[PDB]
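Contents: one structure, followed by commentary.
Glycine gets a Cβ as well: all are built from the backbone with ideal geometry, and neighbour counts include every protein chain shown. Where a number appears in this text, it was derived from the coordinates with a stated rule and is not lab data.
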Amino acid sequence: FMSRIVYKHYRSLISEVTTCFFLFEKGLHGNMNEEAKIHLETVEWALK
Amino acid sequence: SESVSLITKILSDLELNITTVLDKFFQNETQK
């Protein structure tokens, strides 16, 4: 995903994307948008 | 991606090191 090399198994590509995912510091999930969206989803399910 | 990987491997294997008056400047700069 970030080079012109080729892997032998796609577990390696899964791990590459996983590593790129954990470079984003925890606490971005503490943004107002995420709490708003989880509240909205819970309230929508309750209404349904 | 496969093409660049194959030719990159070939080029990498192609660089691994293997186990008169003009002559002065030649040996100092070009031959060295």
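Annotations for the structure displayed:
- Placing unit charges on the Cβ atoms of the charged side chains and taking the dipole of chain A about its Cα centre, the candidate lying farthest along the positive direction among A:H29, A:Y10, A:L40 is A:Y10.
- Calculated from backbone phi, Karplus (6.51, -1.76, 1.60) coupling profile of the stretch A:33-43 in Hz, x at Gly/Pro: 5, 5, 5, 4, 5, 5, 4, 4, 5, 5, 5
- Within straight-line cross-link reach of B:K9, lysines at Cα separation under 19 Å, skipping those fewer than 8 residues along the same chain: A:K8
- Cα-Cα pairs of chain A separated by more than 17 Å (percent): 58 percent
- Size descriptor, Kirkwood hydrodynamic radius, that averages inverse alpha-carbon separations across the protein assembly as shown, Å: 19.3 Å
- Distance between chain A and the stretch B:1-18 - C-alpha centres, whole angstrom: 36 Å
- In order along the stretch A:21-27, phi translates into HN-Hα couplings of 6, 8, 6, 9, 4, 4, x Hz, rounded to whole numbers, per the Karplus curve 6.51 cos²θ - 1.76 cosθ + 1.60 with θ = phi - 60° and x for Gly and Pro.
- Distant-in-sequence amide H partners of A:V6 (H built 1.01 Å from N, under 5 Å): none
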